[PDB]
Amino acid sequence: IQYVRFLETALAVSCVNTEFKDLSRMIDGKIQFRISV
Amino acid sequence: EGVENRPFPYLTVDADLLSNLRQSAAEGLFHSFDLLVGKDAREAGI
Numbered sequence: 155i156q157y158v159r160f161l162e163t164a165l166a167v168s169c170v171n172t173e174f175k176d177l178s179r180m181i182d183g184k185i186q187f188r189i190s191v
Numbered sequence: 049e050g051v052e053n054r055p056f057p058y059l060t061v062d063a064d065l066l067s068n069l070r071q072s073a074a075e076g077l078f079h080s081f082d083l084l085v086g087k088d089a090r091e092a093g094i
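Sequence order for the protein chains is V and S. Note that the working numbering has the first sequence beginning at 155, numbered continuously upward. Note that the working numbering has the second sequence beginning at 49, numbered continuously upward.
Right, dumping it as structure tokens:
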């Protein structure tokens, strides 16, 4: 058995991992960008 | 679309998002987007 964590590896440099302890309740996520050109 | 146009405290980051932007939105890379030209570029009313 190789005890490997998602943080112990190098793939997490691509993903900012934040622990949300209630994710079954989120129906949907959203984010708004406003680019002024 | 699903875009909300209500005003917001738009947090300002320093990354230049707009590398080949208007060609991308006229091609529709984004799922859902709103082109606001001129008078509608303000904060809408509460």
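Ideal placement from N, C-alpha and C gives every residue a C-beta, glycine not left out.
Please check the pair residue i and residue j, which I expect to be a contact at CB under 8 Å, by giving their CB distance rounded to whole angstroms.
i, j, result
"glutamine 156/V", "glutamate 52/S", "That pair is no contact at about 45 Å."
Taking the CB atoms as reference points, tell me whether residue i and residue j lie closer together than 8 Å.
i, j, result
"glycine 50/S", "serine 72/S", "no"
"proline 57/S", "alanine 92/S", "no"
"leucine 65/S", "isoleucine 189/V", "yes"
"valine 191/V", "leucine 69/S", "yes"
"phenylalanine 160/V", "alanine 166/V", "yes"
Taking Cβ-Cβ distances shorter than 7 Å, what residues in chain V pair up with residue i?
i, result
"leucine 66/S", "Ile189 and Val191"
Which residues in chain S sit within 7 Å of residue i, going by Cβ to Cβ distance?
i, result
"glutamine 156/V", "Those within 7 Å of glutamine 156/V in chain S number zero; the least Cβ separation is about 36 Å."
For residue i, go through chain V and note every residue whose CB falls closer than 9 Å to its CB, in chain order.
i, result
"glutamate 52/S", "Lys184 and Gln186"
How would you list, in chain order, the residues of chain V whose beta-carbon sits under 8 Å from the beta-carbon of residue i?
i, result
"residue 95/S", "In the structure as shown, chain S begins at 49 and stops at 94. Residue 95/S is therefore absent and cannot be evaluated."
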